[PDB]
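Visitor: These protein sequence lines are chains A and B, in that order.
Number 302 marks the last residue of the first sequence (this note's numbering); no jumps.
Number 302 marks the last residue of the second sequence (this note's numbering); no jumps.
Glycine is no exception: its CB is placed at the ideal position from the N, C-alpha and C atoms.
Following this message is one structure expressed as structure tokens.
2 protein chains.
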Amino acid sequence: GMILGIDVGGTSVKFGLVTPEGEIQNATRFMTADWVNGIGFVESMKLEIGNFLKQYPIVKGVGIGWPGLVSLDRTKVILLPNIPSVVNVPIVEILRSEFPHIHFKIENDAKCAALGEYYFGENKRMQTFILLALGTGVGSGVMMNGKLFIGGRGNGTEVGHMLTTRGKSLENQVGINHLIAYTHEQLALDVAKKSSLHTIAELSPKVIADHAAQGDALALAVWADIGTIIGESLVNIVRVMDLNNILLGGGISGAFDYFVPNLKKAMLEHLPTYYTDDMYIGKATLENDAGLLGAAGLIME
Amino acid sequence: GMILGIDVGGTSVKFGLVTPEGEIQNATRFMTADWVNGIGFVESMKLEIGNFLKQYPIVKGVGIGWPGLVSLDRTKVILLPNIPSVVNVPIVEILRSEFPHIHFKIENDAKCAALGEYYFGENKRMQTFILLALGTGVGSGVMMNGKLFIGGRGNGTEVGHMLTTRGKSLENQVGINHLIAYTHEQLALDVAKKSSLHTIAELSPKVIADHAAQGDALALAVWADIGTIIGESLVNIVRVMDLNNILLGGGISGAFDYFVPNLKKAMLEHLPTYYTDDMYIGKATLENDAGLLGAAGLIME
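This is the structure we're talking about:
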């Protein structure tokens, strides 16, 4: 049957009815600014959830992905760095008491995205891999021997906050806003104005990728440096986890061809053949839908 | 009953009969230089193993820890960076065919040391922790929810080879020989000859710790820098694994009081309270016996 998947986010909140083949029906995008500025975030899980089950009375399950830390028993929302609300909330118990005929499940949103790729992606059922979602923040989810990796205390693989060889965190080096700021820094150093990016009104990963495709030396060098940084953090993840299947998602993944060569180079430079001989670096094809699909996927398990 | 534990090492090979209370009887130390230079390493698992079962006919199990990569099925020894021999060897099948009345088990030696601490240490049965063995090389083993963490492909937690904020690997920064070389570099910079370490013929972790205990500014600063480096790598391990119980072993752990303050400081600086509020940093008390105890521990499971 149809399952309601919810992907809770910092800028937008997403609802969708998921089919067993991974199709999203009646995709509704809200919020988050509009939700916080008004009746509140929790008042807005109950209002928009209630409106969905009324429309689809056959729905028996609701899976929700959360953009932060969740409790080990998967009943509470600990903290969201983009949404200061929801602390120690037994959401599974309160929704089960309200809707006793419906089964509820919660998980971290980056972990949901890995589960989404595992059930519905172009590498579905791949047993052991990491999904790196390279956006404004760096999110990650890991499947290990066909099971979602949650870590010792339930909130594992927070790789965006790992320290780099520069001392700064991974997401403060490769996150979308930091990539744009670094590109502007390199354009400022380009005193001869050789680069073609100087014309554009507002930089974005897509624009920097489009100019790299044309052969712009500056745009290609930016993605090559981003690639080395991602590769250096993947060396550390691989040494700790012993996995060598990598899926790359998020807004920056559109520039896959321009940053993956240096990413692969960094991995070959620092890792022995034990890891690199059968290593795979693929593109995450579900894009921004993986989180919602994975959230619904919780109910399927 | 009594179990034979074997801890295979680069400089010395160790044999011992382990009791259910964790006592080692008839501890025999060999080799490794003498083993390689002669009849060979494998000829020397068979000669010294055979001599042990003849002495103890009631022994029904043999657990062996290996100083490198082992196959996922735990039958083969892939590679040892200190011993160039033993590649794709089905050691469990060949010992089972030779001794069908005895059960055989193999594992990575750093993982064995964590299992040793889990069954017989001062924090025995602690469900989720990392054991960092700080010696010539940096070894690590992790227990997760009371089960040995092996990683996706069977050779997880090779943390000694993680990249630091300096770009070099963790063990090339804090390994015993690198600690001694760094101490000599700081003594060379000490043009006023203020330090007390200038007198000693040969530096060692114990000597640098003994001078730090006396209040030597240089010796204290060396351990403080080592502490920051270990703490920075633990930030990355904790972000990936979500564990916060840490046991510190090896030759360098004797200087626990001098490097742990900066280690803890680095962890508090880079990790939120979710990890640090109930974090524990303890001393591994089994020392060099953990590997052998853990190897025997494989048979107990």
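In three-state DSSP terms, what is B/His179?
Guide: Three-state result, B/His179: helix.
Visitor: Return the bridge partner residues of B/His104 from the DSSP annotation.
Guide: Paired residues: B/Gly62.
Visitor: Count the C-beta pairs between the segment 7 to 26 of chain B and the segment 103 to 118 of chain B that are closer than 8 Å, then say yes if the count reaches three, no if not.
Guide: Flag = yes, the segment 7 to 26 of chain B and the segment 103 to 118 of chain B touch.
Visitor: Are the C-beta of A/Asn237 and some C-beta of chain B separated by less than 7 Å?
Guide: It does: the Cβ of A/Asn237 has a partner Cβ on chain B nearer than 7 Å.
Visitor: Measuring only between beta-carbons, confirm whether A/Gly136 sits less than 7 Å from chain B.
Guide: Not one chain B Cβ lies under 7 Å of A/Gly136.
Visitor: Considering only residues of the same chain and omitting the five flanking positions on each side of A/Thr229, which have a CB-CB separation below 6 Å?
Guide: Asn263 and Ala267.
Visitor: Kindly indicate which three-state DSSP category A/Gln56 falls into: helix, strand or coil?
Guide: DSSP places A/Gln56 in helix when its eight states are reduced to three.
Visitor: Scan the segment 275 to 294 of chain A for residues whose Cβ lies nearer than 7 Å to a Cβ of chain B and list them as they occur along the chain.
Guide: Answer set for the segment 275 to 294 of chain A: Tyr275.
Visitor: Between B/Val9 and chain A, is there a C-beta pair that is closer than 7 Å?
Guide: No, no contact with chain A.
Visitor: Can you tell me where the beta strand (DSSP E) holding B/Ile282 begins and where it ends?
Guide: Unbroken beta strand (DSSP E) run through B/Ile282: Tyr281 to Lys284.
Visitor: Let me check one thing: in DSSP terms, what residues is B/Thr29 bridge-paired to?
Guide: Bridge partners of B/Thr29: B/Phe16.
Visitor: B/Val71 touches chain A at which residues, Cβ-Cβ below 9 Å?
Guide: Those within 9 Å of B/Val71 in chain A number zero; the least Cβ separation is about 11 Å.
Visitor: Express the C-alpha separation of A/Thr200 and A/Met127 in angstroms, rounding to a whole number.
Guide: Answer to the nearest angstrom: the Cα atoms are 43 Å apart.
Visitor: Using only CA atoms, which one of B/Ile95, B/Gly292, B/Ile84 and B/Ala193 lies nearest to B/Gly41?
Guide: For B/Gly41, the nearest C-alpha among the options comes from B/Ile84.
Visitor: From the beta carbon of B/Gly62, is the nearest beta carbon of chain A less than 7 Å away?
Guide: Not closer than 7 Å to any Cβ of chain A, the Cβ of B/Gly62 fails to qualify, so no.
Visitor: Go through its chain and collect everything with a Cβ distance to B/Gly161's Cβ below 6 Å, but skip five positions before and after it.
Guide: Closer than 6 Å at the Cβ level, and outside the excluded window around B/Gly161, lie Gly138, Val139, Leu171 and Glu172.
Visitor: Along chain B, in chain order, which residues have C-beta atoms closer than 8 Å to that of A/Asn263?
Guide: In chain order: nothing, as chain B lies at least about 15 Å away.
Visitor: Is B/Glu24 near the ligand ATP, in the sense that its beta carbon is under 6 Å from a heavy atom of that ligand?
Guide: Summarising the ligand content, the structure contains no ligands, and the ligand ATP is consequently not present.
Visitor: Chain B beta carbons: is any one of them nearer than 7 Å to that of A/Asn156?
Guide: Taking Cβ atoms only, chain B reaches closer than 7 Å to A/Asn156, which makes this a yes.
Visitor: Give a yes or no on whether the C-beta atoms belonging to A/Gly69 and A/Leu80 are separated by under 7 Å.
Guide: For A/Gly69 and A/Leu80, yes; Cβs fall inside 7 Å.
Visitor: Step through the CB atoms of chain B and report whether any lies within less than 7 Å of the CB of A/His162.
Guide: Yes, because at least one Cβ of chain B sits closer than 7 Å to the Cβ of A/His162.
Visitor: Within the chosen definition, does the segment 216 to 233 of chain B reach the segment 169 to 188 of chain B through at least 3 CB pairs nearer than 8 Å?
Guide: Yes, the segment 216 to 233 of chain B touches the segment 169 to 188 of chain B.
Visitor: What are the residues of the segment 164 to 189 of chain B that lie near chain A, defined by any Cβ-Cβ distance shorter than 7 Å?
Guide: Cβ contacts with chain A come from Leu164, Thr166 and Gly168.
Visitor: Output, in sequence order along the chain, the residues in the segment 241 to 261 of chain A whose CB is closer than 8 Å to any CB in chain B.
Guide: Those residues of the segment 241 to 261 of chain A that come within reach of chain B (Cβ to Cβ, closer than 8 Å) are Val241, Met242, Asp243, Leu244 and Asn245.
Visitor: Run through the segment 183 to 226 of chain A for me and flag every whole beta strand (DSSP E) of 3 or more residues, listed as ranges in chain order.
Guide: Listed in chain order, there is nothing to give.
Visitor: Applying the 10 Å Cβ sphere with the 16-neighbour rule, what's the burial state of A/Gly251?
Guide: Answer is buried; the Cβ neighbour count reaches 16.
Visitor: Below 8 Å on the Cβ atoms is my guess for A/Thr33 versus A/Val14; work out the distance and round it to an integer in Å.
Guide: Contact holds; Cβ gap of about 6 Å.
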